[PDB]
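Starting off, we have a lone chain in the form deposited in one PDB entry, written out as structure tokens.
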């Protein structure tokens, strides 16, 4: 059983626009943790946009959990996928409102569980106003790494079977980075995970790494296998990011 399948996917953003995704074929097993890497503009983000049916491919199919997304209920699909957004925590609103910003009438309990997996609960619980803390600046003063753990909690709150991490657009403080990496196995447990990675090192221990270039998957495998292809793009990108 594959949780996510792309078959022969062709996609451009607008009728005249350039083909961005060119005959993408991908099958991700349930519970697999996938890293997608590649230069900027290679199509990484577009791939995840298709998973959420934000856009519709001119050719080929996307299937989630067996189901062709053409036919799947858009509300169900929405609940099936949690996305860890970058820089998308509403400042004028409380931590709990921010975490439950999908189903506002859900359990404080479910909010807490998700913050705990995300490694946010401990810092939230030591705030004067706790979960009612208004996230925004002067109202509290949450750091960027703290807001990011809130973003993970948000993605996790409805217990999605698929979790997607959008590419990091920023550097997090060492403590936030540390807590997240320490909790990653708990966050991903029981879910099919896609991580769009800035630094290759981020997805070193993924079950499989997908290497995209100019809208195509050019290489795929575990890190060690990808580095064994002598002239691989993966090796080149790996060398470019080495210290």
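Numbering follows the first chain given and starts at 1. In this text, rigid core is short for the largest set of C-alphas that superpose within 1.5 Å between two forms.
There is another form of the same protein, the form deposited in another entry; it is not shown, and what comes next is about it.
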Legend entry - Core-aligned C-alpha movement of residue 119 between the shown form and the other one, 2 Å or more: yes
Inset, instruction - Answer yes if the CA of residue 230 moves 2 Å or more between the shown form and the other one after aligning the rigid core, and no otherwise. - result: yes
Inset, instruction - Would you say whether residue 73 is displaced between the shown form and the other one, judging by a C-alpha shift of 2 Å or more on the superposed rigid core? - result: no
Inset, instruction - Compare the CA separation of residue 110 and residue 78 in that other deposited form with the one in the displayed structure, and answer closer or farther (the difference is at least 3 Å). - result: farther
Inset, instruction - Could you tell me whether residue 76 and residue 116 have their C-alpha atoms closer or farther apart in that other deposited form than in the shown form, knowing the shift is 3 angstroms or more? - result: farther
